[PDB]
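Read the structure below first, then the notes.
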Amino acid sequence: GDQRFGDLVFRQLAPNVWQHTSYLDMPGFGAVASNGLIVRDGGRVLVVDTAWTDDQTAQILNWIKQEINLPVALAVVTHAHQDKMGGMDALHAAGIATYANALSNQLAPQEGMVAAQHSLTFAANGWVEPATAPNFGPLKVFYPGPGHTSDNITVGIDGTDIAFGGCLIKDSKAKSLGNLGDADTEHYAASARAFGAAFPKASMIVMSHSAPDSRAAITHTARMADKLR
Ligand SMILES: Cc1cc(C)c2c(CP(=O)(O)O)cc(=O)oc2c1
Ligand SMILES: [Zn+2]
Ligand SMILES: [Zn+2]
C-alpha cells in the first residue's frame, strides 16, 4: 500500500485522499516521521502540512504532478513547528497559496519558520471564520484549543470518514504525548476531546507521527492528557 518516492512515503487513504510522510534526523534520537495530507477536490489539489524541509516539500509536489497531475490550489499548515511548516518556501516557489492560523504566522519567525501568506482566524467556538479560508472545498478547519501547541489546528475532510489531528493526537497505543516543549498541559485533554466532538463522523483519525487509527486515538490521547493536570 505504501509508495516509496525518493526519501518520502505516500499512502492512499480514500479515493481522493493520500497521506504524505517525510523523515528528519533528531540527533541522538533517530529519524522522526511526520505525516500530512493531499486531497483532490475536482480539478485541483489541496495540501495539509509541508514536509520537514523545502527539498522534501518540492518532492511532494513532484509526486502530485506524476500521480495526480492537477494544480495545487492551496496548502494549510497546522502549527509553527518544522514538521508542519518547514517547507513553506517550496510552496511559495511553486506559486501555491498558503494558509495558517494567524497565531502560527505570528510565531513563525521566532520558531525559525517562514510564515504562510494568509492568516486564518477562528470563532469563539473554534470553527474557522469562513472568509479567511476561501476555496477550501471539503477541508473543514477547526481550532480545538491549546494542546500540543497553543496554535495547533485540525482539519476534517467533508465527504470522507477522515479527520486530521496533526500533532495534537497520538495513536491508541502511544506511550507518551511526544514533544511537550510548547504544549499547554492544562488544556490538552479538553482540546483533544474538542477535536473529536468537532468531527463526530470521522472514523479514520490521521495524525503527525503514527499510521491512521480509529477514534480510540482520540480517547487514548485525551486519557493520557488527563494525567498532565
Ligand atoms: C524540542 C523538540 C521540538 C520539536 C519541534 C520536535 C519535533 C517536531 P513536533 O512534533 O513537536 O511538531 C519532533 C520531535 O520528535 O521532537 C521535537 C523536539
Ligand atoms: Zn509540533
Ligand atoms: Zn509532531
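Can you give the FRET efficiency to the nearest 0.05 for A197 and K227, using r as the Cβ-Cβ distance and R₀ = 22 Å?
According to the calculation, E is roughly 0.60.
Could you work out the helix-only [θ] at 222 nm for the chain, with each DSSP H run of four or more residues adding -39,500 (n - 2.57) and the total divided by the number of residues, to the nearest 500 deg cm²/dmol?
On the way: 6 runs with 52 residues, N = 229.
Helices in the chain give a 222 nm mean residue ellipticity of -6500 deg cm²/dmol.
In what sequence do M88, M26 fall when counting other Cβ within 10 Å, fewest first?
Working: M88 23, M26 9.
If I rank by nearby Cβ atoms, fewest first, I get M26, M88.
Extension gain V9-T185, at 0.36 nm per residue separation less the Cα-Cα distance, in nm? Intermediate results must be reported in sequence, preceding the final value.
Values: separation 176, 0.36 × 176 = 63.36 nm, distance 3.17 nm.
Taking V9 through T185 to full extension adds about 60.2 nm, to one decimal.
Stretched out fully, how many nm does the piece from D2 to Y23 gain, at 0.36 nm a residue minus the Cα gap? Could the numbers behind the result be given before it?
Working: separation 21, 0.36 × 21 = 7.56 nm, distance 1.48 nm.
Fully extending the segment from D2 to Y23 adds 6.1 nm.
Around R11, under 11 Å between beta carbons, what's the net of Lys plus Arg minus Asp minus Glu among the other residues? Write down the numbers at each step before the final one.
On the way: positive: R4; negative: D2.
Result for the local shell: 0.
Mind listing the phi-derived Karplus ³J(HN,Hα) values for region 57-72, rounded to whole Hz, using 6.51, -1.76 and 1.60 with θ = phi - 60°, and x for any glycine or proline?
Whole-Hz 3J(HN,Hα) from phi for region 57-72: 5, 4, 5, 4, 5, 5, 4, 4, 4, 6, 9, 10, 6, 9, x, 8.
When only C-alpha pairs under 8 Å and at least 6 residues apart count, what is the relative contact order of region 2-227, in percent? List each step's numbers first, then the result.
Working: 509 pairs, mean separation 30.5, N = 226.
Worked out over region 2-227, it gives 13 percent.
At a Förster radius of 30 Å, what calculated FRET efficiency corresponds to the Cβ-Cβ distance of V32 and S214, to the nearest 0.05? It would help to have the intermediate numbers written out before the result.
Numbers: r = 23 Å, r/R0 = 0.77.
Efficiency, from the Cβ-Cβ distance: 0.85.
Which whole-Hz couplings ³J(HN,Hα) result when phi for each residue of region 83-94 is put into the Karplus expression 6.51 cos²θ - 1.76 cosθ + 1.60, θ = phi - 60°, listed in order with x for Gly and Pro?
Taking θ as phi minus 60°, the curve returns 4, 9, 10, x, x, 3, 4, 5, 5, 5, 4, 7 Hz for region 83-94.
Could you work out, for region 88-229, what percent of all Cα-Cα pairs fall into each 5 Å distance bin, beginning at 0 Å and stopping at the bin that holds the largest distance?
2, 10, 19, 22, 20, 16, 8, 2, 0
Please list, by residue number, every one of the trypsin sites (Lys or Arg not before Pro) in region 152-189 that is coil in DSSP and has at most 14 other beta-carbon atoms within 10 Å. Please list the in-between numbers first.
Numbers: sites: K170, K173, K175; in loops: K170, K173, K175.
When the trypsin sites (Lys or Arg not before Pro) of region 152-189 are filtered for loop state and at most 14 Cβ neighbours within 10 Å, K173, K175 remain.
Work through the residues other than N105 whose Cβ is under 14 Å from its Cβ and net out their charges, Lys, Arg +1 and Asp, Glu -1.
Details: positive: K84; negative: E111, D151.
Residues near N105 contribute -1 overall.
What's the Kirkwood radius of region 1-112 in Å, using all Cα pairs? Write out the running numbers ahead of the final one.
Numbers: mean 1/r = 0.0709 Å⁻¹.
In region 1-112 this quantity evaluates to 14.1 Å.
At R0 = 35 Å, how high is the FRET efficiency between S172 and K65 if r is their beta carbon distance? Nearest 0.05 is fine.
Details: r = 35 Å, r/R0 = 1.00.
For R0 = 35 Å, the calculated efficiency reads 0.50.
Fewest first, what order do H187, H79 take by the number of other Cβ atoms within 10 Å? Can you show the working numbers first?
On the way: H187 18, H79 28.
Least to most surrounded, the residues fall as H187, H79.
Working from the alpha-carbon coordinates of region 119-202, get Rg over Rh, Rh being the Kirkwood radius. Can you show the working numbers first?
Numbers: Rg = 12.9 Å, Rh = 13.3 Å.
In region 119-202, Rg relative to Rh is 0.97.
Reconstructed Cβ throughout: ideal geometry from the backbone, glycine too, with neighbour counts over all protein chains shown. Coordinate-derived values only; no laboratory data.
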